[PDB]
Each structure stands twice: as C-alpha cells, then as structure tokens.
file data.cif (mmCIF, C-alpha atoms)
data_model
#
loop_
_atom_site.label_atom_id
_atom_site.label_comp_id
_atom_site.auth_asym_id
_atom_site.auth_seq_id
_atom_site.Cartn_x
_atom_site.Cartn_y
_atom_site.Cartn_z
CA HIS A 7 82.41 107.41 116.71
CA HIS A 8 82.24 105.92 120.24
CA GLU A 9 78.54 105.86 121.28
CA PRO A 16 76.01 90.37 111.01
CA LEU A 17 78.94 92.41 109.65
CA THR A 18 79.67 95.99 110.70
CA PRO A 19 81.82 98.72 109.15
CA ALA A 20 84.03 98.35 112.20
CA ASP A 21 84.45 94.66 111.39
CA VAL A 22 85.79 95.63 107.97
CA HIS A 23 88.04 98.26 109.49
CA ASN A 24 89.46 95.77 111.99
CA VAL A 25 89.64 92.50 110.01
CA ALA A 26 93.16 91.07 110.10
CA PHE A 27 94.39 88.34 107.72
CA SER A 28 97.28 85.95 108.21
CA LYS A 29 99.90 85.08 105.67
CA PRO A 30 99.31 82.45 102.98
CA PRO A 31 100.45 78.91 103.72
CA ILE A 32 104.10 78.09 103.26
CA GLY A 33 105.15 78.83 100.58
CA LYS A 34 102.16 80.37 98.80
CA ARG A 35 101.87 83.98 97.73
CA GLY A 36 98.30 85.10 98.40
CA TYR A 37 96.44 88.28 97.42
CA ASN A 38 98.08 91.69 96.82
CA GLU A 39 97.62 93.64 100.06
CA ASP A 40 97.35 97.13 98.56
CA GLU A 41 94.48 95.95 96.35
CA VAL A 42 92.63 94.21 99.18
CA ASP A 43 93.18 97.21 101.45
CA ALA A 44 91.84 99.70 98.90
CA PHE A 45 88.80 97.55 98.15
CA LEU A 46 88.04 97.06 101.85
CA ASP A 47 88.16 100.83 102.27
CA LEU A 48 85.47 101.21 99.62
CA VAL A 49 83.51 98.45 101.40
CA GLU A 50 83.78 100.15 104.80
CA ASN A 51 82.72 103.50 103.30
CA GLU A 52 79.69 102.07 101.50
CA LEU A 53 78.42 99.99 104.43
CA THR A 54 78.72 103.07 106.64
CA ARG A 55 76.89 105.28 104.15
CA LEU A 56 74.10 102.79 103.57
CA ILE A 57 73.56 102.33 107.30
CA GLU A 58 73.38 106.11 107.82
CA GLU A 59 71.05 106.55 104.84
CA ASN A 60 68.85 103.66 105.96
CA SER A 61 68.48 105.26 109.39
CA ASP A 62 67.53 108.55 107.69
CA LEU A 63 64.83 106.77 105.66
CA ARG A 64 63.62 105.17 108.92
CA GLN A 65 63.49 108.60 110.55
CA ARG A 66 61.43 109.88 107.65
CA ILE A 67 59.13 106.90 108.03
CA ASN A 68 58.69 107.77 111.68
CA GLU A 69 57.80 111.35 110.81
CA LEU A 70 55.27 110.13 108.26
CA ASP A 71 53.61 107.67 110.62
CA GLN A 72 53.23 110.43 113.19
CA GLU A 73 51.24 112.29 110.54
CA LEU A 74 48.99 109.29 109.92
CA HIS B 5 63.62 88.86 99.84
CA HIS B 6 64.91 86.54 97.07
CA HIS B 7 68.25 85.84 95.38
CA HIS B 8 67.77 87.47 91.94
CA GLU B 9 65.53 90.55 92.32
CA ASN B 10 66.66 93.65 90.40
CA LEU B 11 66.06 96.42 92.96
CA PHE B 12 67.30 99.12 90.54
CA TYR B 13 69.84 100.13 93.16
CA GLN B 14 72.29 102.86 92.16
CA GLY B 15 75.59 102.99 93.98
CA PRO B 16 79.25 102.37 93.22
CA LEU B 17 79.59 99.00 95.04
CA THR B 18 77.11 96.18 94.42
CA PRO B 19 76.99 92.58 95.65
CA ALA B 20 78.03 91.51 92.13
CA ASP B 21 81.15 93.72 92.41
CA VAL B 22 82.07 92.14 95.73
CA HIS B 23 81.48 88.67 94.24
CA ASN B 24 83.54 89.33 91.10
CA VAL B 25 86.38 91.51 92.46
CA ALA B 26 89.76 90.10 91.41
CA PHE B 27 93.15 90.51 93.13
CA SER B 28 96.56 90.00 91.60
CA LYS B 29 99.41 88.37 93.49
CA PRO B 30 101.74 90.47 95.63
CA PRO B 31 104.87 92.18 94.36
CA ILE B 32 107.58 89.53 94.27
CA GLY B 33 108.97 88.60 96.67
CA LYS B 34 106.63 89.93 99.30
CA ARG B 35 103.72 87.72 100.32
CA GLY B 36 100.18 88.87 100.67
CA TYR B 37 96.97 88.00 102.44
CA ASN B 38 95.73 84.48 102.99
CA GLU B 39 93.28 83.79 100.16
CA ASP B 40 90.92 81.50 102.11
CA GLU B 41 90.40 84.12 104.82
CA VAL B 42 89.91 86.96 102.36
CA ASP B 43 87.46 84.89 100.25
CA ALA B 44 85.41 83.98 103.35
CA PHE B 45 85.40 87.57 104.61
CA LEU B 46 84.25 88.85 101.19
CA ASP B 47 81.37 86.37 101.22
CA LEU B 48 80.23 87.91 104.49
CA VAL B 49 80.66 91.32 102.85
CA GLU B 50 78.53 90.24 99.91
CA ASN B 51 75.82 89.06 102.30
CA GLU B 52 75.78 92.23 104.44
CA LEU B 53 75.79 94.53 101.40
CA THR B 54 72.90 92.56 99.93
CA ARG B 55 70.93 92.90 103.17
CA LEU B 56 71.53 96.64 103.47
CA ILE B 57 70.55 97.29 99.84
CA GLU B 58 67.40 95.21 100.43
CA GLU B 59 66.64 97.22 103.54
CA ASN B 60 67.25 100.45 101.59
CA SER B 61 64.77 99.36 98.93
CA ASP B 62 62.09 98.34 101.42
CA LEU B 63 62.34 101.60 103.36
CA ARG B 64 61.96 103.46 100.07
CA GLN B 65 58.94 101.39 99.03
CA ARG B 66 57.37 102.06 102.41
CA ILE B 67 58.00 105.76 102.06
CA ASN B 68 56.33 105.75 98.65
CA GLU B 69 53.30 103.93 100.07
CA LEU B 70 53.06 106.37 102.96
CA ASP B 71 53.45 109.32 100.57
CA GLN B 72 50.48 107.79 98.76
CA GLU B 73 48.40 107.56 101.96
CA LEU B 74 49.14 111.22 102.81
CA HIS C 5 97.64 99.28 71.93
CA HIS C 6 94.01 98.80 70.81
CA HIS C 7 90.54 99.35 72.30
CA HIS C 8 89.38 95.77 73.01
CA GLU C 9 92.42 93.64 73.95
CA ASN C 10 91.92 91.28 76.92
CA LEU C 11 95.20 91.72 78.82
CA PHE C 12 94.13 89.21 81.52
CA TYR C 13 94.72 91.93 84.10
CA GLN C 14 93.82 91.05 87.69
CA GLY C 15 93.02 93.91 90.02
CA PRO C 16 89.99 95.29 91.84
CA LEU C 17 89.41 98.36 89.60
CA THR C 18 89.24 98.02 85.82
CA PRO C 19 88.44 100.53 83.07
CA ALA C 20 85.05 98.80 82.68
CA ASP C 21 84.33 99.45 86.39
CA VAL C 22 85.17 103.13 85.99
CA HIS C 23 82.98 103.28 82.87
CA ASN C 24 80.00 101.53 84.48
CA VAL C 25 80.13 102.89 88.06
CA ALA C 26 76.74 104.28 89.08
CA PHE C 27 75.94 106.96 91.68
CA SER C 28 72.63 107.59 93.37
CA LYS C 29 71.34 111.08 94.08
CA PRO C 30 72.24 112.84 97.32
CA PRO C 31 70.29 112.54 100.55
CA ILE C 32 67.36 114.91 100.26
CA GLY C 33 67.61 117.81 100.59
CA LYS C 34 71.34 118.14 100.29
CA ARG C 35 72.77 118.58 96.80
CA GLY C 36 75.69 116.70 95.43
CA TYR C 37 78.41 116.98 92.83
CA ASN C 38 77.91 118.41 89.38
CA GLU C 39 77.28 115.43 87.09
CA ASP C 40 78.93 116.87 83.95
CA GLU C 41 82.19 117.53 85.81
CA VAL C 42 82.22 114.14 87.50
CA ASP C 43 81.42 112.34 84.21
CA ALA C 44 84.26 114.18 82.40
CA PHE C 45 86.71 113.51 85.23
CA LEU C 46 85.82 109.79 85.24
CA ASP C 47 86.47 109.61 81.50
CA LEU C 48 89.97 110.89 82.16
CA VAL C 49 90.22 108.29 84.94
CA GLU C 50 89.15 105.55 82.55
CA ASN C 51 91.81 106.67 80.07
CA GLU C 52 94.65 106.85 82.61
CA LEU C 53 93.76 103.49 84.18
CA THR C 54 93.69 101.94 80.72
CA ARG C 55 97.14 103.35 79.93
CA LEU C 56 98.68 102.16 83.20
CA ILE C 57 97.26 98.64 82.82
CA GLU C 58 98.61 98.59 79.26
CA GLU C 59 101.99 99.71 80.51
CA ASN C 60 101.86 97.04 83.23
CA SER C 61 101.17 94.36 80.64
CA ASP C 62 103.95 95.49 78.30
CA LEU C 63 106.53 95.62 81.09
CA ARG C 64 105.52 92.08 82.05
CA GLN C 65 105.75 90.84 78.46
CA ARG C 66 109.20 92.40 78.19
CA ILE C 67 110.28 90.75 81.40
CA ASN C 68 109.12 87.38 80.09
CA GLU C 69 111.06 87.89 76.86
CA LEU C 70 114.18 88.89 78.76
CA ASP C 71 113.76 85.91 81.10
CA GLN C 72 113.73 83.85 77.91
CA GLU C 73 116.94 85.45 76.61
CA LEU C 74 118.72 84.79 79.94
CA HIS D 7 105.43 112.42 99.29
CA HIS D 8 107.11 115.71 98.27
CA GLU D 9 110.03 114.84 95.92
CA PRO D 16 97.88 112.82 81.77
CA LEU D 17 96.14 112.21 85.12
CA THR D 18 98.01 111.73 88.40
CA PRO D 19 96.95 110.30 91.76
CA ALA D 20 97.37 113.81 93.10
CA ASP D 21 94.91 115.05 90.49
CA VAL D 22 92.34 112.62 91.86
CA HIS D 23 93.13 113.62 95.42
CA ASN D 24 92.72 117.31 94.59
CA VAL D 25 89.83 117.36 92.08
CA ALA D 26 87.07 119.68 93.25
CA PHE D 27 83.53 119.67 91.79
CA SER D 28 80.97 122.45 91.84
CA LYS D 29 77.33 122.10 92.69
CA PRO D 30 74.77 120.97 90.12
CA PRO D 31 72.92 123.66 88.20
CA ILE D 32 69.99 125.35 89.87
CA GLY D 33 67.97 123.45 90.94
CA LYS D 34 69.38 120.02 90.08
CA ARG D 35 70.53 117.43 92.58
CA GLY D 36 73.67 115.81 91.19
CA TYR D 37 75.65 112.76 92.37
CA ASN D 38 75.82 111.52 95.99
CA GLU D 39 79.07 112.90 97.40
CA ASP D 40 79.88 110.05 99.79
CA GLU D 41 79.69 107.58 96.90
CA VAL D 42 81.84 109.68 94.58
CA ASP D 43 84.34 110.31 97.37
CA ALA D 44 84.67 106.62 98.24
CA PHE D 45 85.07 105.62 94.61
CA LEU D 46 87.68 108.32 93.99
CA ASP D 47 89.61 107.00 96.98
CA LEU D 48 89.74 103.56 95.37
CA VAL D 49 90.81 105.27 92.12
CA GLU D 50 93.61 107.23 93.82
CA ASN D 51 94.84 104.08 95.60
CA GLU D 52 94.89 101.96 92.44
CA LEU D 53 96.60 104.56 90.24
CA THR D 54 99.25 104.99 92.94
CA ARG D 55 99.79 101.24 93.29
CA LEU D 56 99.99 100.64 89.55
CA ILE D 57 102.50 103.46 89.10
CA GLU D 58 104.68 102.06 91.91
CA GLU D 59 104.41 98.52 90.56
CA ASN D 60 105.14 99.67 87.01
CA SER D 61 108.31 101.40 88.23
CA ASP D 62 109.31 98.17 90.02
CA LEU D 63 108.86 96.18 86.79
CA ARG D 64 110.95 98.84 85.01
CA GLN D 65 113.66 98.48 87.66
CA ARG D 66 113.65 94.73 87.12
CA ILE D 67 113.94 95.31 83.39
CA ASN D 68 116.95 97.51 84.02
CA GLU D 69 118.59 94.82 86.13
CA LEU D 70 117.94 92.26 83.40
CA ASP D 71 119.35 94.41 80.61
CA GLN D 72 122.50 94.96 82.66
CA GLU D 73 122.88 91.17 82.63
CA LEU D 74 122.48 91.02 78.85
#
call {"tool": "encode", "arguments": {"input": "data.cif", "output": "structure tokens"}}
result
Amino acid sequence: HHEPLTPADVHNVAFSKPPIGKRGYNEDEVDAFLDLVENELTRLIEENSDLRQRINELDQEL
Amino acid sequence: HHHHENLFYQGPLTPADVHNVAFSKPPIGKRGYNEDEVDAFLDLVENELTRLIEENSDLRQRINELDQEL
Amino acid sequence: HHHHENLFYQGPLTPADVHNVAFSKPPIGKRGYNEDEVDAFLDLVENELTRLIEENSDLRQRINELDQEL
Amino acid sequence: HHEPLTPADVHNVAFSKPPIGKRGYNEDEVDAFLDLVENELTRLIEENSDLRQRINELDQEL
C-alpha cells in the first residue's frame, strides 16, 4: 500500500457543501458509488499490469 | 483511440455508467455534496476509466497477436 | 405495484443496473465465483431493490397527500 | 449494528467455485458490485424508515 486520476485520488477526494442555501447530492449515494469507482480503477490497473507482465514474458520468447 | 468504439468490455462499471449515474438529494434537512465539484470529479472519473479500459483492450489485442506469432 | 412503472427514482443503483451488470472472467489462471449462484443471488437483489424503491415512492406519495391535507 | 433479502444477506453471501473446469465470474468485480448493493439497500431501508417516521408525525397532527 505504501511503495491523470488515481484510485488514491478517489479515496481522498473531499467535496464542500452546496452554495447557500442549496441541497446538493446525497452523500451516502456518492460515497457508495465512489467506492465502486475506487475498486474498479484499482482492479483494472492491477489487471493491466498483469497483462503487461504476460506481454513481457511473451516477448522474451520471441 | 476514438470516442465511440465498442471494445466489448465486460465489467460492472463502464464509462456510460459513470456518465449516467444519478443521485437524489440528501435526507431533509441535511445538506449534501456540492454538485459542481462532484460533476467535475465524475468527468475525470469517466475519462480515467475510459483510458484504462482502452489500455486493457490494447494489451489483450497485443497478447492475441503475440500468441499468433508463437 | 406493476412491472414497468417509471417512478422517477434517482439513485446510483437501479433494478435495471442489477439486471444488466456484466462480469468478466477471472484473471487466468485463478477461478472465480459460480455463475449460477451469482445469477440467482442477483435476481433476488433485483427483486428486493425493486420493492424498496417502490416502498420509497409510496411513502413519498403519502407524505405529499398528507402535506396536502395539512 | 446488533439490535426477503437483507443487507446482511448481501454481506454474508458465499459462493462456491464454478464446476470443473469452468472459470466463473471475476471475484473482485462481484465483490465491488455487492458492496454497492449492500450500501444502497442499507441506505434505502434507513431512508424509508425516516419517511415512515415523518408520516407518523404527520398523522399525529391530523
């Protein structure tokens, strides 16, 4: 864990309140959707690096 | 890459989902998140997800071409 | 309630999303979840989400009718 | 936390492996989607009970 947009950016984004006196977006909904986002960016980055590793192995055999 | 290629990607979150996700208003009389900031952030999300899915598809195409050469 | 009423619900997960969500296969050469079991579970999810959104809409209609009577 | 389908059922569901020798569904994807599911069922149940509370308050005023 400690070694354009990153999963960490999604984890850390912080939003202000709506203007006076607006209401804004439900925070539970936005939170839950951003958790899906963070999970899927992370998984795609890991899977992309695995494909890249496989590519490396295949080039070494070429 | 282009703006309207079907890459036949299978996963539970697509750029179209990010683009179309809807949020209700908060429970009254709590307030929620600033809508401008969330909208702008989700545009960046749509862009990054698009790029990673495009990268996924290209790495898979390259692996198929290699697997052909081998 | 019926099977094709637009309740104008706003939220980030709808019955249609549950119905249409797609999953890729696992990273090779790990295996994943049984597809029959996941499919059946997600049908129950689609049903429960539908019922709760319908309940949400009826409670809101009742609150509007009360707010009219007051 | 300790007082048809429940959020807890989503939290606890456990799936077997695919048949020999099938591959099945990606587990990171299913996990992340079930987390969104659990979150949204929980939030709708809480919000529904709040609407019901408001209804109670309004009937008391009728």
call {"tool": "atom_distance", "arguments": {"input": "data.cif", "atom1": "atom CA of residue 72 of chain D", "atom2": "atom CA of residue 5 of chain C"}}
result
27.4 Å
call {"tool": "residues_near_point", "arguments": {"input": "data.cif", "point": "(99.4, 105.3, 91.3)", "cutoff": "12 Å", "atoms": "only C-alpha atoms", "output": "number ranges by chain"}}
result
A: 40-41; C: 49, 52-53, 55-57, 60; D: 17-23, 47-61
call {"tool": "closest_residue", "arguments": {"input": "data.cif", "among": "B:28, B:9, B:33, B:16", "to": "chain D", "atoms": "all atoms listed in the file"}}
result
B:16
call {"tool": "resolve_selection", "arguments": {"input": "data.cif", "expression": "the PyMOL selection byres ((chain D and resi 29) around 10)", "output": "list in words"}}
result
residues 35, 36, 37, 38, 39 and 41 of chain C; 27, 28, 30, 31, 32, 33, 34, 35, 36 and 37 of chain D
call {"tool": "write_last_selection", "arguments": {"input": "data.cif", "atoms": "C-alpha atoms", "output": "tab-separated table (two decimals), keeping the file's coordinate frame"}}
result
chain	number	residue	atom	x	y	z
C	35	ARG	CA	72.77	118.58	96.80
C	36	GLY	CA	75.69	116.70	95.43
C	37	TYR	CA	78.41	116.98	92.83
C	38	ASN	CA	77.91	118.41	89.38
C	39	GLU	CA	77.28	115.43	87.09
C	41	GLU	CA	82.19	117.53	85.81
D	27	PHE	CA	83.53	119.67	91.79
D	28	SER	CA	80.97	122.45	91.84
D	30	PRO	CA	74.77	120.97	90.12
D	31	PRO	CA	72.92	123.66	88.20
D	32	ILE	CA	69.99	125.35	89.87
D	33	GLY	CA	67.97	123.45	90.94
D	34	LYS	CA	69.38	120.02	90.08
D	35	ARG	CA	70.53	117.43	92.58
D	36	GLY	CA	73.67	115.81	91.19
D	37	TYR	CA	75.65	112.76	92.37
call {"tool": "interface_residues", "arguments": {"input": "data.cif", "of": "chain B", "to": "chain D", "cutoff": "12 Å", "atoms": "all atoms listed in the file", "output": "JSON, numbers by chain"}}
result
{"B": [14, 15, 16, 17, 18, 27, 28, 29, 30, 31, 32, 33]}
call {"tool": "atom_distance", "arguments": {"input": "data.cif", "atom1": "atom CA of residue 12 of chain B", "atom2": "atom CA of residue 26 of chain B"}}
result
24.2 Å
call {"tool": "closest_residue", "arguments": {"input": "data.cif", "among": "B:7, B:66, B:23, B:34", "to": "chain C", "atoms": "all atoms listed in the file"}}
result
B:23
call {"tool": "decode", "arguments": {"input": "data.cif", "residues": "segment 18-38 of chain A", "atoms": "N, CA, C and O atoms", "output": "compact mmCIF listing (two decimals), in the first residue's frame"}}
result
# COMPACT_ATOMS: atom_id res chain seq x y z
N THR A 18 -5.93 8.75 -9.98
CA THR A 18 -5.55 7.51 -9.33
C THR A 18 -6.65 7.00 -8.40
O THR A 18 -7.53 7.76 -7.97
N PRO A 19 -6.62 5.71 -8.05
CA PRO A 19 -7.53 5.22 -7.01
C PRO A 19 -7.44 6.04 -5.73
O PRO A 19 -8.46 6.38 -5.12
N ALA A 20 -6.22 6.34 -5.32
CA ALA A 20 -5.99 7.20 -4.17
C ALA A 20 -6.69 8.54 -4.33
O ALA A 20 -7.20 9.09 -3.35
N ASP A 21 -6.68 9.13 -5.53
CA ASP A 21 -7.42 10.38 -5.68
C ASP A 21 -8.91 10.22 -5.40
O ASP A 21 -9.56 11.15 -4.91
N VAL A 22 -9.47 9.06 -5.73
CA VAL A 22 -10.88 8.84 -5.48
C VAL A 22 -11.10 8.64 -4.00
O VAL A 22 -12.08 9.12 -3.42
N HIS A 23 -10.19 7.90 -3.38
CA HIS A 23 -10.26 7.65 -1.94
C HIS A 23 -10.22 8.95 -1.16
O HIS A 23 -10.93 9.10 -0.16
N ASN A 24 -9.40 9.89 -1.61
CA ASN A 24 -9.13 11.12 -0.86
C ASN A 24 -9.99 12.30 -1.26
O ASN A 24 -9.97 13.30 -0.53
N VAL A 25 -10.68 12.27 -2.41
CA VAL A 25 -11.40 13.48 -2.83
C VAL A 25 -12.29 13.93 -1.70
O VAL A 25 -12.93 13.12 -1.02
N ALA A 26 -12.36 15.25 -1.51
CA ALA A 26 -13.20 15.87 -0.49
C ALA A 26 -14.02 16.99 -1.13
O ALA A 26 -13.47 17.87 -1.81
N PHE A 27 -15.34 16.97 -0.93
CA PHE A 27 -16.24 17.95 -1.53
C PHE A 27 -16.76 18.91 -0.46
O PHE A 27 -17.01 18.51 0.67
N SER A 28 -16.94 20.16 -0.85
CA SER A 28 -17.53 21.14 0.04
C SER A 28 -19.05 20.98 0.09
O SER A 28 -19.64 20.07 -0.50
N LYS A 29 -19.67 21.86 0.83
CA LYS A 29 -21.11 21.92 0.87
C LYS A 29 -21.65 22.65 -0.36
O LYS A 29 -20.90 23.35 -1.06
N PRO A 30 -22.93 22.47 -0.66
CA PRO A 30 -23.54 23.25 -1.74
C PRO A 30 -23.56 24.72 -1.37
O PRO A 30 -23.42 25.07 -0.19
N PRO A 31 -23.75 25.59 -2.34
CA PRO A 31 -23.94 27.00 -2.00
C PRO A 31 -25.10 27.17 -1.03
O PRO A 31 -26.02 26.35 -0.99
N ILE A 32 -25.03 28.23 -0.23
CA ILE A 32 -26.20 28.72 0.48
C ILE A 32 -27.31 29.01 -0.52
O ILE A 32 -27.05 29.54 -1.61
N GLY A 33 -28.55 28.63 -0.21
CA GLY A 33 -28.92 27.53 0.64
C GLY A 33 -29.46 26.51 -0.36
O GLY A 33 -30.66 26.43 -0.60
N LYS A 34 -28.53 25.79 -0.99
CA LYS A 34 -28.82 24.66 -1.87
C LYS A 34 -28.66 23.37 -1.08
O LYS A 34 -28.20 23.36 0.07
N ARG A 35 -29.03 22.26 -1.71
CA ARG A 35 -29.09 20.99 -1.01
C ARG A 35 -28.04 19.99 -1.45
O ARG A 35 -27.48 19.27 -0.60
N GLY A 36 -27.73 19.95 -2.75
CA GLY A 36 -26.65 19.11 -3.23
C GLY A 36 -27.05 17.65 -3.42
O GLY A 36 -28.24 17.30 -3.43
N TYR A 37 -26.02 16.81 -3.60
CA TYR A 37 -26.16 15.37 -3.81
C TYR A 37 -26.09 14.58 -2.50
O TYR A 37 -25.17 14.77 -1.70
N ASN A 38 -27.02 13.63 -2.34
CA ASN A 38 -26.97 12.63 -1.26
C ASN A 38 -25.58 12.04 -1.07
O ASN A 38 -24.99 11.51 -2.01
